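Backbone-built Cβ (ideal geometry, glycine too); neighbour counts: all protein chains shown. Just so it is clear, none of the values below were taken in a lab; they were calculated from the coordinates.
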2 protein chains.
Amino acid sequence: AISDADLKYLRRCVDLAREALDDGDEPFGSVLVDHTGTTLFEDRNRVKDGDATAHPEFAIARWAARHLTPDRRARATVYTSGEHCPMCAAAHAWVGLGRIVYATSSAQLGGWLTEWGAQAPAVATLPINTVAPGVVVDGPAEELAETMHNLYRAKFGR
Amino acid sequence: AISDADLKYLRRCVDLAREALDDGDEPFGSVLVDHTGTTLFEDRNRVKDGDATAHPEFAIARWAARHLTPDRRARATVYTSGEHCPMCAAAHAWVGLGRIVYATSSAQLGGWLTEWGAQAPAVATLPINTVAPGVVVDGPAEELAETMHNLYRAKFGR
Ligand SMILES: [Zn+2]
Ligand SMILES: [Zn+2]
């Protein structure tokens, strides 16, 4: 279900995750793309100033609610380097956004954390469709698994 | 599990939910209380302006992260008229807030919504601990069930 065009946007997400890591934040990047294929909004994690809710997917949900009609929201796609946490999946569904494509699943992330002896997140790694049963979800992208493993290990595996 | 002091705060949450209803918003109210019993912050639903994520528990999580140290957050309690949705439960856990007490469960509300035929929510009515395993949760408060049913009927009855 991941197309060539989808993978290009996922690579952009990975670049945004890398920007976040390099700035002292956590490696999570996300991009909102409308049905015409225009990038509307890009963001990355910004938790370093002490708000652990500063996730890019959440920013995208609020931005979409403020700037896009319901119909435009439903036809838009959200690309992300890492599958929406429950906070972000719920926000996405509350505002009525459409498709999600992720590079790595929360299952991947949680599995790596336990491999590395790292503490589990404070929030359960629920798949998007546990939280938001109606959302169309594609991913993960096999081509990006190694990159994201390495990027998460840098932040969370030390 | 629910003291008389807890009920006082839950009754304040009901008052805030009614304030929301009367202002054209949905009937959800929430209070943040310091471990020393002082109210720190109170809020209610503000969705009418077009943002379905304007939940008071979420506003509380962000307020807490901005204004309180981690230690003070861990020791604070959040009271709410309606059990946190997954968005809010996750945000509460991310910012490391403490106990939650709710007047009515999301299962209770979901059952009543179905009776009224109403559009089922896009977000699943997961219990807080499915989303946030480590959070201490108490509720519901049987003495406030009928009051809250009536408030919900006012907004969502058909
Ligand atoms: Zn998130
Ligand atoms: Zn909520």
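Worth pointing out:
- Among residues that are under 27 Å from A:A59 (Cβ atoms) and either within 14 Å of the chain's Cα centre (by Cα) or buried (at least 20 other Cβ atoms within 10 Å of the Cβ) (or both), B:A90 is included.
- Of all residues in the range B:79-113 being of a type in the set (F, W, Y) and in a strand (DSSP E or B), the one that is nearest to ligand 2 (Cβ to nearest atom): B:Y102
- Check on A:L32, touching a residue at least 12 places away in the same chain (Cβ under 8 Å), closer than 20 Å to B:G134 by Cα and more than 14 Å from chain B (Cβ to nearest Cβ): no
- Members of the range B:15-34 found to be part of a loop (DSSP other than H, G, I, E, B) and small (G, A, S), listed by number: B:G24
- Just one residue in the set B:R12, B:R62 is more than 16 Å from ligand 1 (Cβ to nearest atom), over 11 Å from the mean Cα position of the chain (by Cα) and assigned to a helix (DSSP H, G or I); that residue is B:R12.
- Among residues of the range A:54-74 that are farther than 15 Å from A:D43 by Cβ, those with a beta-carbon under 7 Å from a residue that is of a type in the set (D, E) at least six positions away or on a different chain give the pairs A:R72/A:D34.
- Within the range A:87-113, the set of residues being within 14 Å of chain B (Cβ to nearest Cβ) and of a type in the set (V, I, T) comprises A:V95, A:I100.
- Restricting A:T39, A:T77 to residues that are away from ligand 1 (no atom under 16 Å from the Cβ), surrounded by fewer than 18 Cβ atoms within 10 Å (Cβ to Cβ) and more than 10 Å from chain B (Cβ to nearest Cβ) narrows the list to A:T39.
- Here B:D6 fulfils each of the conditions (1) part of a loop (DSSP other than H, G, I, E, B); (2) in contact (Cβ under 8 Å) with a residue 60 or more places away in the chain apart from (1).
- Listed conditions (1) among the small types (G, A, S); (2) more than 10 Å from chain B (Cβ to nearest Cβ); (3) closer than 22 Å to A:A20 by Cβ are all met by A:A52, apart from (2).
- In the range B:58-74, residue farthest from ligand 2 (Cβ to nearest atom) [restricted to those that are surrounded by 24 or more Cβ atoms within 10 Å (Cβ to Cβ) and more than 7 Å from chain A (Cβ to nearest Cβ)]: B:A64
- The range B:119-139 - residue that is surrounded by 22 or more Cβ atoms within 10 Å (Cβ to Cβ) and more than 10 Å from chain A (Cβ to nearest Cβ) and, of those, nearest to ligand 2 (Cβ to nearest atom): B:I128
- Checking B:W116 against (1) within 14 Å of chain A (Cβ to nearest Cβ); (2) away from ligand 2 (no atom under 16 Å from the Cβ); (3) under 27 Å from A:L97 (Cβ atoms), the condition it does not meet: (1)
- Within the range B:35-57, the residues that satisfy the criterion of being assigned to a loop (DSSP other than H, G, I, E, B), in contact with a helix residue (DSSP H, G or I) (Cβ under 7 Å, 6 or more places away or on another chain) and either charged (D, E, K, R) or more than 15 Å from ligand 2 (Cβ to nearest atom) (or both) are B:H35, B:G50, B:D51.
- Subset of the range B:80-103 (residues that are within 16 Å of ligand 1 (Cβ to nearest atom) and not small (G, A, S)): B:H84, B:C85, B:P86, B:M87, B:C88, B:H92, B:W94, B:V95
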